[PDB]
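The chain that follows stands alone, in the form solved without the named molecule, written as structure tokens.
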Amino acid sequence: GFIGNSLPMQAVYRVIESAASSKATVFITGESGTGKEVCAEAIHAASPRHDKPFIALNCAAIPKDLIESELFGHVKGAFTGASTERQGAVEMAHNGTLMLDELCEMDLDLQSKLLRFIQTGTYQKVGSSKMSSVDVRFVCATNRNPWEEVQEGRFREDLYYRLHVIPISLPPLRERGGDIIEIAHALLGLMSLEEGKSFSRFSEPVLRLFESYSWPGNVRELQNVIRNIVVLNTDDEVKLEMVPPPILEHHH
């Protein structure tokens, strides 16, 4: 779902294609705002299991005490809030690909249960001792340095080495050559549809700025900038005075 054919992305695409035909676990890293879920979905789409579900569990978007419920499910009444019985992400992903995003947010207890599941395919819903099993291909991602999480004792060493089979390090936006403006154009069209506008081009100073700024927030930051411009202005062309702070100030 990536856009562009910059040199560093070509290397990513080659690994995606080769990894897609394997069940080996992929472990994605990259700076804040790089496309970890885009990469995970692209692996699924290129894989023989592309017609089965792709499911992404963002471990940070969930209270830490509820990751286990979201991952493995829960029976009714398993904990005070368990209003009904819930199907886990592992069941939704059976025969497909499960992305464990922001994996280092799991507590050490859940990491132990996860490692068991990865080894065997067997799990239990929260609140039950009954075993079930599924078949998932795992893709993991983190914005931490996973080796550092291990050295600091926040992430299990056995789990790290079980999962870290096919690492993919995503190129930061600033290193992606022509991809920056290709992505920016796609976002310009999409945000224009969202907002009822009709932006179609960037002026040459805007092109130069977007192609020189360091984009510390990567593609998320570019999405914010394009959304800002389309929400706050009405024109066919993005002009330099429309670019929000502190892009220009920081750039200098």
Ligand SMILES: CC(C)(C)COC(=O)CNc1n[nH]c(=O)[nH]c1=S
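Counting begins at 1, following the sequence as shown.
Missing here is the form solved in complex with the named molecule; even so, the following discussion is about that form.
Peer 1: Applying a 4.5 Å heavy atom distance criterion, does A42 contact the named molecule in the deposited complex?
Peer 2: Taking the distances in the deposited complex, the answer for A42 is no, it never comes within 4.5 Å of the named molecule.
Peer 1: Could you tell me if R176 has a non-hydrogen atom within 4.5 Å of the named molecule in the deposited complex?
Peer 2: Residue-level check for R176: yes, a contact with the named molecule.
Peer 1: When the contact criterion is heavy atoms within 4.5 Å, does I226 count as touching the named molecule in the deposited complex?
Peer 2: Looking in the deposited complex, residue contacts with the named molecule do not include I226, since no heavy atom lies within 4.5 Å.
Peer 1: Would you classify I247 as touching the named molecule in the deposited complex, given a 4.5 Å non-hydrogen atom cut-off?
Peer 2: No, no contact at 4.5 Å.
Peer 1: Considering non-hydrogen atoms and a 4.5 Å limit, which listed residue (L190, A61, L66, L207) is close to the named molecule in the deposited complex?
Peer 2: Only one option qualifies, and that one is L190.
Peer 1: Just to confirm the contact call: exactly one of 178 to 186, 68 to 76, 146 to 154, 121 to 129 touches the named molecule in the deposited complex at a 4.5 Å heavy atom cutoff, so which is it?
Peer 2: Selected range: 178 to 186.
Peer 1: Going through 24 to 39, which residues have a heavy atom within 4.5 Å of the named molecule in the deposited complex? Please give them in sequence order.
Peer 2: Residues within 4.5 Å: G33, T34, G35, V38.
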